[PDB]
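Take a look at this single chain in structure tokens; it is the form deposited in one PDB entry.
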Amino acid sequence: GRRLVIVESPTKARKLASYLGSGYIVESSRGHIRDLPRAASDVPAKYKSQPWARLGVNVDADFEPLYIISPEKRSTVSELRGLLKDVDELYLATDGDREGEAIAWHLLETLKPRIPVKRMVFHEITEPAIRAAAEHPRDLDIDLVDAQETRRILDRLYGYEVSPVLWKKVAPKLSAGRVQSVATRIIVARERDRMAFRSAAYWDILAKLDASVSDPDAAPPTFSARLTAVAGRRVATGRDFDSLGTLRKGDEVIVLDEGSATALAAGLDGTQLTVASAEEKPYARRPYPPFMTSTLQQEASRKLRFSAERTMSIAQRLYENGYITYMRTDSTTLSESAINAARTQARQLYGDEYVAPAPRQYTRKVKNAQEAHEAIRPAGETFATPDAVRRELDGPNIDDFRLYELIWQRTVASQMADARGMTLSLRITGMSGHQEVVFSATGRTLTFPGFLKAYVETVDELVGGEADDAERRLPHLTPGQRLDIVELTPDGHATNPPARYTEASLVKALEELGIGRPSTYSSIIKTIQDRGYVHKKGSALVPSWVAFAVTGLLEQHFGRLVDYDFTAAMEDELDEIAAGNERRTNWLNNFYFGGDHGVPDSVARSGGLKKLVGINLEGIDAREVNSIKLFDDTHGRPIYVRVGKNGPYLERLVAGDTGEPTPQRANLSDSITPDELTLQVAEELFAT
């Protein structure tokens, strides 16, 4: 009467056993047990006669893979086979997505069971959910397994073709990563934009206005307003300049400068201003959807200041320990049990009035219904309360509680009433000598906070901006109303360069572009940092010089491999395989060898990966690949950054003791971000 259940982790193994009980033996497999060979020694004697064995994929036989058991896992497999001898049934209880199905498949291929096999799938670890999945198994989904394998093979083939190019042309020991190099490109593209940015200056006037003489009961009696128009011409703002600091070809504006603006203020000093136009418009904010993988990583980054990787390790533990639903999901759907628990929680915590009128469903179409069933929300039909979870996850597990609290608040808020308020608009007029001038003020009231009492999104550190519960108080003003000028400050400004990415904004970008998946966002963000391509300056991601060199090589000579659209399209086709709408072998064959299928002008339609990469590379100069153009000096001489084996250093060709060509060099580190190394900075380190 003995049943064996296999999962990926000891924590999950202990948790399922607690729920299953007697007559079940629950073991862990440490994740994957087989992979393609990673070394010549991974190749078994039987295959040492196959020249493709080390590669591990036989491209001339429909991409047959060589899966071997990694030496680090041979132990695990031995024990599993040992235990299998003594049971009546095998339960495979890995995660329900393509990774988990692939593990199940591999266990079947490795153990070769001669007893019944049931495959359990669940998206939360509770006693009911576990019991249910045991009683109602799901057939192994081969389409999922084929999708995972296609991606595994693709990565192997990609590394095989592309790494040698990086080795000859950039640096040895660099490792190719296809999606990674796209993520890297996004970051490098932003740094270049910052480097080509040129600021424009623009001035206006800020006034403090008092309404208390014309209306003794104005609330508040004072406020601020900005100069918006002078003599029918609209004052220049930051949005009016392009990245080169020149005015955009649109409507007609005045750029004020210091002397311009203070002349206007001095000519105003004395007068009153007059309310020409007050307007109220109500607004209604709908609450945030429940968390999915990308939005959870974003909010944890902006609010808790957790890296993407950190958020996923914590979420993993919460899920394995029964606290939350599955944390790899692109669904924001809540089950009816969860909608009711949130509604109740909200009514108990905040009031009957703060509960949405009718229950709120957030049903967005998921890419694959087999891998994602539900948003990320507290597990169990009744949510474990934040205090109870706070006590269990105290001390060392404090980051786990903090994430749970974030998830709980988000779920609860998602069932709450709309935020209500008014948005205030003001047109104030006046006279600075000859010219008529317009000051403007805007305001927002939050009459009824709604879900915002339970959850408010955090604004991106670098982008800046206003939170969705921020209010600007303005007094009730009426046309004709005179206003007293309390103070006038002529105000100078400059346009700013485009903000760098935080992890939160990178994840957002990967999602909008269709390049990231719930299973991949954090591993993408993590790897580009490990491998040195990118590092953090505070909360900002900054590319390293080697990132420029690699990105440059790929853009110049293999552009399709790092094109945002081609990348997204491939991610989509892999999902197509997962659904059963495209075949593993056809896809690999088209991708590697070329074919007539795929988005126009893609790798597949351009002759395949193999012909694409294997051009004549002797035409590609390593020296230029490792040279990043910065600018010319005040003598017309190109100054570039050279990526050398000893690292990054600045170089320029100068006139020597005889003449040119003489290279003048100066060494460089992390301390100087690319957009910080200006000509001033460069000259300063060429000399000292």
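Between two forms, the rigid core is defined as the largest C-alpha subset superposing within 1.5 Å. Note that residue numbering follows the sequence shown and begins at 1.
The form deposited in another entry is left out here; the points below concern that form.
- Lining up the core between the shown form and the other one shows that one residue from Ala189, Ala441, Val253, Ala134 moves its Cα 2 Å or more, and that residue is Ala134.
- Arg151: CA moves 2 Å or more between the shown form and the other one after rigid-core fitting.
- For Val542, a C-alpha deviation below 2 angstroms is recorded between the shown form and the other one after rigid-core alignment.
- Core-aligned CA deviation for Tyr533 between the shown form and the other one: less than 2 Å.
- In the other entry, the CA atoms of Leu16 and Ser335 sit closer together than in the displayed form, by at least 3 angstroms.
- The distance between the CA atoms of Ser335 and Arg14 is at least 3 Å shorter in the other entry than in the form shown here.
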